[PDB]
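Asks:
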Amino acid sequence: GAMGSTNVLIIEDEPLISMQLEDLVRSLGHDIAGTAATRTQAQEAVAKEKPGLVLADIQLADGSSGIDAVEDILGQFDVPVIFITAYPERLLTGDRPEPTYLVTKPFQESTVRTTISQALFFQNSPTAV
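If you count by the entry's author numbering, then the sequence shown holds residues 138 to 266, one letter each, in order.
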């Protein structure tokens with residue numbers, strides 16, 4: 138990495154997907170800031186360490202929405218978030234704004250590696266509305 142190993146927050150209840158994302162993002166030369174199966178664990182992760190990139194699904198273990206977890210984090214930081222989930226359509230349910238980065242489950246590592254590189258290309262420096 139040129140900007141250093143950017144630690145990533147992975148919000149995913151499914152362990153096989155979490156560790157997949159962990160290894161995947163690790164292959165990209167990044168790190169893991171924490172793993173969260175729930176929105177609560179997500180906030181605790183953040184309470185511990187600030188991630189430079191966030192990953193979240195829709196359905197969490199607690200029944201909470203990963204989007205809400207993301208927005209919570211976004212209420213703390215202005216960091217790039219990538220939504221990888223089996224419910225792309227759920228983010229398009231009259232919500233109006235569309236997720237900046239979206240990948241559908243099951244994902245292709247090629248797409249994921251691509252998406253991370255984009256999210257971290259457009260580093261969140263300006264103040265977007």
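In this text, a Cβ means the ideal position worked out from N, Cα and C, and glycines have one as well.
Taking the C-alpha atoms as reference points, what is the distance between residue 154 and residue 265?
Replies: In the sequence shown, the residue the question calls residue 154 occupies position 17. In the sequence shown, the residue the question calls residue 265 occupies position 128. Between residue 154 and residue 265, the C-alpha separation is close to 31 Å.
Asks: Secondary structure at residue 168, three-state DSSP: helix, strand or coil?
Replies: Taking the first residue of the sequence shown as 1, we reach residue 168 at position 31. Here residue 168 sits in strand by DSSP.
Asks: Give the DSSP-derived three-state secondary structure of residue 218 in the structure shown.
Replies: Here residue 218 corresponds to residue number 81 of the sequence shown, with the count starting at 1. Residue state, collapsed to three classes: strand.
Asks: Can you tell me whether DSSP reads residue 202 as helix, strand or coil?
Replies: Indexing the sequence shown from 1 puts residue 202 at position 65. If DSSP states are grouped into helix, strand and coil, residue 202 belongs with the strands.
Asks: If you follow the alpha helix (DSSP H) that residue 183 is part of, which residue opens it and which one closes it?
Replies: Counted from its first residue, the sequence shown places residue 183 at position 46. Segment 176-185, the alpha helix (DSSP H) holding residue 183.
Asks: Would residue 173 pass as a contact of residue 182 if the rule is Cβ separation under 7 Å?
Replies: Locating residue 173 in the sequence shown gives position 36, where the first residue counts as 1. Locating residue 182 in the sequence shown gives position 45, where the first residue counts as 1. Yes.
Asks: Residues in the same chain with beta-carbon distance under 6 Å from residue 136, minus the five sequence neighbours each way, listed in chain order, please.
Replies: For the chain, the structure presents residues 138 to 266; residue 136 sits outside this window and is missing.
Asks: Check each candidate in 257, 258, 213, 194 and name the one with the smallest Cα separation from residue 241.
Replies: As a first step, residue 241 must be located in the sequence shown, where it is residue number 104. The option with the nearest alpha carbon to residue 241 is 194.
Asks: Nearest-angstrom Cα distance between residue 203 and residue 238?
Replies: For the purposes of this step, residue 203 is taken as the residue at position 66 of the sequence shown. For the purposes of this step, residue 238 is taken as the residue at position 101 of the sequence shown. Roughly 14 Å between the two C-alpha positions.
Asks: May I ask which residues mark the beginning and end of the alpha helix (DSSP H) holding residue 248?
Replies: Counting from 1 along the sequence shown, the entry for residue 248 is found at position 111. Element bounds for residue 248: 246-256.
Asks: Please confirm whether residue 230 and residue 201 have their CB atoms less than 7 Å apart.
Replies: Here residue 230 is taken as the residue at index 93 of the sequence shown, counted from 1. Here residue 201 is taken as the residue at index 64 of the sequence shown, counted from 1. Residue 201 is positioned such that its CB atom lies no closer than 7 Å to that of residue 230.
Asks: Inspect the beta-carbon positions of residue 161 and residue 249 and report whether they are closer than 7 Å.
Replies: For this step, residue 161 is matched to residue 24 along the sequence shown. For this step, residue 249 is matched to residue 112 along the sequence shown. The answer is yes: Cβ separation under 7 Å.
Asks: When burial is assigned at 16 or more other CB atoms within 10 Å of the CB, is residue 139 buried or exposed?
Replies: As a first step, residue 139 must be located in the sequence shown, where it is residue number 2. Residue 139 should be labelled exposed.
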